[PDB]
Amino acid sequence: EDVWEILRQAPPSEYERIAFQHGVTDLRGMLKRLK
């Protein structure tokens with residue numbers, strides 16, 4: 001349900017669409033936590 005959780009299975013093109021939906025602006029930091 002979270003951005004980190006969704007990013008795992010979500011396409012890279014929708015990483016902004018998921019992040020912004022949850023009010024996450026630091027996608028890069030989220031993707032550092034992803035990998």
# chains A, B, ... in the order shown; residues from 1 in each chain; ligands from 1

$ residues_around --residues "residue A:35" --least-positions-apart "3" --cutoff "12 Å" --atoms "only C-alpha atoms" --output "list in words"
residues 4, 5, 7, 8, 28, 29, 30, 31 and 32 of chain A

$ write_last_selection --atoms "N, CA, C and O atoms" --output "PDB file, in the first residue's frame"
ATOM      1  N   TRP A   4       7.113   2.685  -1.060  1.00  0.00           N
ATOM      2  CA  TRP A   4       8.197   1.709  -1.074  1.00  0.00           C
ATOM      3  C   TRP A   4       7.687   0.326  -1.455  1.00  0.00           C
ATOM      4  O   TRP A   4       8.320  -0.386  -2.235  1.00  0.00           O
ATOM      5  N   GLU A   5       6.539  -0.051  -0.900  1.00  0.00           N
ATOM      6  CA  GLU A   5       5.968  -1.370  -1.143  1.00  0.00           C
ATOM      7  C   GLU A   5       5.535  -1.524  -2.595  1.00  0.00           C
ATOM      8  O   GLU A   5       5.802  -2.545  -3.228  1.00  0.00           O
ATOM      9  N   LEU A   7       6.474   0.330  -5.227  1.00  0.00           N
ATOM     10  CA  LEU A   7       7.592   0.511  -6.147  1.00  0.00           C
ATOM     11  C   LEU A   7       8.241  -0.823  -6.494  1.00  0.00           C
ATOM     12  O   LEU A   7       8.761  -1.003  -7.594  1.00  0.00           O
ATOM     13  N   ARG A   8       8.207  -1.756  -5.548  1.00  0.00           N
ATOM     14  CA  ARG A   8       8.819  -3.065  -5.740  1.00  0.00           C
ATOM     15  C   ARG A   8       8.297  -3.736  -7.005  1.00  0.00           C
ATOM     16  O   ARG A   8       9.062  -4.327  -7.766  1.00  0.00           O
ATOM     17  N   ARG A  28      13.878   9.847  -5.339  1.00  0.00           N
ATOM     18  CA  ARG A  28      15.249   9.358  -5.421  1.00  0.00           C
ATOM     19  C   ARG A  28      15.667   8.672  -4.127  1.00  0.00           C
ATOM     20  O   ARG A  28      16.267   7.597  -4.148  1.00  0.00           O
ATOM     21  N   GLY A  29      15.349   9.300  -3.000  1.00  0.00           N
ATOM     22  CA  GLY A  29      15.628   8.717  -1.693  1.00  0.00           C
ATOM     23  C   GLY A  29      14.824   7.442  -1.475  1.00  0.00           C
ATOM     24  O   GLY A  29      15.322   6.474  -0.898  1.00  0.00           O
ATOM     25  N   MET A  30      13.580   7.446  -1.942  1.00  0.00           N
ATOM     26  CA  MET A  30      12.725   6.268  -1.852  1.00  0.00           C
ATOM     27  C   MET A  30      13.285   5.116  -2.678  1.00  0.00           C
ATOM     28  O   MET A  30      13.177   3.953  -2.292  1.00  0.00           O
ATOM     29  N   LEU A  31      13.884   5.449  -3.817  1.00  0.00           N
ATOM     30  CA  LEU A  31      14.437   4.441  -4.714  1.00  0.00           C
ATOM     31  C   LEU A  31      15.775   3.923  -4.203  1.00  0.00           C
ATOM     32  O   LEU A  31      16.169   2.795  -4.499  1.00  0.00           O
ATOM     33  N   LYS A  32      16.470   4.754  -3.434  1.00  0.00           N
ATOM     34  CA  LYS A  32      17.654   4.314  -2.705  1.00  0.00           C
ATOM     35  C   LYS A  32      17.287   3.336  -1.597  1.00  0.00           C
ATOM     36  O   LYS A  32      18.035   2.402  -1.307  1.00  0.00           O
TER      37      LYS A  32
END

$ select_by_dssp --residues "chain A" --states "helix (DSSP H, G or I)" --output "compact mmCIF listing (two decimals) with C-alpha atoms, in the first residue's frame"
# COMPACT_ATOMS: atom_id res chain seq x y z
CA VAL A 3 5.20 3.88 -1.95
CA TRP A 4 8.20 1.71 -1.07
CA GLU A 5 5.97 -1.37 -1.14
CA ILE A 6 4.34 -0.55 -4.48
CA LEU A 7 7.59 0.51 -6.15
CA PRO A 12 9.63 2.78 -13.29
CA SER A 13 7.33 4.99 -15.35
CA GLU A 14 4.74 5.08 -12.58
CA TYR A 15 7.17 5.66 -9.71
CA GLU A 16 6.29 9.36 -9.76
CA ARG A 17 2.56 8.63 -9.94
CA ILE A 18 2.78 6.43 -6.85
CA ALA A 19 5.12 8.69 -4.89
CA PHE A 20 3.10 11.84 -5.54
CA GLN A 21 -0.13 10.06 -4.61
CA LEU A 27 11.47 9.67 -5.08
CA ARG A 28 15.25 9.36 -5.42
CA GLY A 29 15.63 8.72 -1.69
CA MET A 30 12.73 6.27 -1.85
CA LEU A 31 14.44 4.44 -4.71
CA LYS A 32 17.65 4.31 -2.70
CA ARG A 33 15.60 2.62 0.00
CA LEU A 34 14.01 0.45 -2.69

$ decode --residues "stretch 14-33 of chain A" --atoms "N, CA and C atoms" --output "PDB file, in the first residue's frame"
ATOM      1  N   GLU A  14       5.835   4.717 -13.467  1.00  0.00           N
ATOM      2  CA  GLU A  14       4.738   5.077 -12.577  1.00  0.00           C
ATOM      3  C   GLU A  14       5.242   5.358 -11.167  1.00  0.00           C
ATOM      4  N   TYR A  15       6.561   5.414 -11.015  1.00  0.00           N
ATOM      5  CA  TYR A  15       7.173   5.661  -9.715  1.00  0.00           C
ATOM      6  C   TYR A  15       6.825   7.051  -9.198  1.00  0.00           C
ATOM      7  N   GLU A  16       6.695   8.004 -10.115  1.00  0.00           N
ATOM      8  CA  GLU A  16       6.291   9.358  -9.761  1.00  0.00           C
ATOM      9  C   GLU A  16       4.807   9.420  -9.421  1.00  0.00           C
ATOM     10  N   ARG A  17       4.008   8.642 -10.143  1.00  0.00           N
ATOM     11  CA  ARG A  17       2.563   8.631  -9.942  1.00  0.00           C
ATOM     12  C   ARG A  17       2.200   8.032  -8.590  1.00  0.00           C
ATOM     13  N   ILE A  18       2.981   7.050  -8.154  1.00  0.00           N
ATOM     14  CA  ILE A  18       2.776   6.428  -6.851  1.00  0.00           C
ATOM     15  C   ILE A  18       3.291   7.320  -5.729  1.00  0.00           C
ATOM     16  N   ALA A  19       4.508   7.827  -5.894  1.00  0.00           N
ATOM     17  CA  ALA A  19       5.121   8.691  -4.892  1.00  0.00           C
ATOM     18  C   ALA A  19       4.252   9.910  -4.611  1.00  0.00           C
ATOM     19  N   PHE A  20       3.844  10.598  -5.672  1.00  0.00           N
ATOM     20  CA  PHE A  20       3.098  11.843  -5.538  1.00  0.00           C
ATOM     21  C   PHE A  20       1.731  11.601  -4.912  1.00  0.00           C
ATOM     22  N   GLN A  21       1.179  10.416  -5.148  1.00  0.00           N
ATOM     23  CA  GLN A  21      -0.126  10.056  -4.606  1.00  0.00           C
ATOM     24  C   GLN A  21      -0.099  10.018  -3.084  1.00  0.00           C
ATOM     25  N   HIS A  22       1.056   9.667  -2.527  1.00  0.00           N
ATOM     26  CA  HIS A  22       1.198   9.526  -1.083  1.00  0.00           C
ATOM     27  C   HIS A  22       1.862  10.753  -0.472  1.00  0.00           C
ATOM     28  N   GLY A  23       2.158  11.739  -1.313  1.00  0.00           N
ATOM     29  CA  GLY A  23       2.752  12.988  -0.851  1.00  0.00           C
ATOM     30  C   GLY A  23       4.263  12.857  -0.704  1.00  0.00           C
ATOM     31  N   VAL A  24       4.841  11.895  -1.414  1.00  0.00           N
ATOM     32  CA  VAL A  24       6.284  11.693  -1.400  1.00  0.00           C
ATOM     33  C   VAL A  24       6.954  12.420  -2.560  1.00  0.00           C
ATOM     34  N   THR A  25       7.816  13.377  -2.233  1.00  0.00           N
ATOM     35  CA  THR A  25       8.496  14.173  -3.247  1.00  0.00           C
ATOM     36  C   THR A  25       9.915  13.669  -3.483  1.00  0.00           C
ATOM     37  N   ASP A  26      10.501  13.067  -2.454  1.00  0.00           N
ATOM     38  CA  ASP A  26      11.838  12.493  -2.563  1.00  0.00           C
ATOM     39  C   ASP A  26      11.784  11.075  -3.118  1.00  0.00           C
ATOM     40  N   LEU A  27      11.512  10.963  -4.414  1.00  0.00           N
ATOM     41  CA  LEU A  27      11.475   9.666  -5.080  1.00  0.00           C
ATOM     42  C   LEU A  27      12.857   9.026  -5.115  1.00  0.00           C
ATOM     43  N   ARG A  28      13.878   9.847  -5.339  1.00  0.00           N
ATOM     44  CA  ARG A  28      15.249   9.358  -5.421  1.00  0.00           C
ATOM     45  C   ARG A  28      15.667   8.672  -4.127  1.00  0.00           C
ATOM     46  N   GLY A  29      15.349   9.300  -3.000  1.00  0.00           N
ATOM     47  CA  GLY A  29      15.628   8.717  -1.693  1.00  0.00           C
ATOM     48  C   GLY A  29      14.824   7.442  -1.475  1.00  0.00           C
ATOM     49  N   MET A  30      13.580   7.446  -1.942  1.00  0.00           N
ATOM     50  CA  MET A  30      12.725   6.268  -1.852  1.00  0.00           C
ATOM     51  C   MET A  30      13.285   5.116  -2.678  1.00  0.00           C
ATOM     52  N   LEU A  31      13.884   5.449  -3.817  1.00  0.00           N
ATOM     53  CA  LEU A  31      14.437   4.441  -4.714  1.00  0.00           C
ATOM     54  C   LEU A  31      15.775   3.923  -4.203  1.00  0.00           C
ATOM     55  N   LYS A  32      16.470   4.754  -3.434  1.00  0.00           N
ATOM     56  CA  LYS A  32      17.654   4.314  -2.705  1.00  0.00           C
ATOM     57  C   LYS A  32      17.287   3.336  -1.597  1.00  0.00           C
ATOM     58  N   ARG A  33      16.130   3.555  -0.980  1.00  0.00           N
ATOM     59  CA  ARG A  33      15.596   2.619   0.002  1.00  0.00           C
ATOM     60  C   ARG A  33      15.007   1.387  -0.674  1.00  0.00           C
TER      61      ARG A  33
END
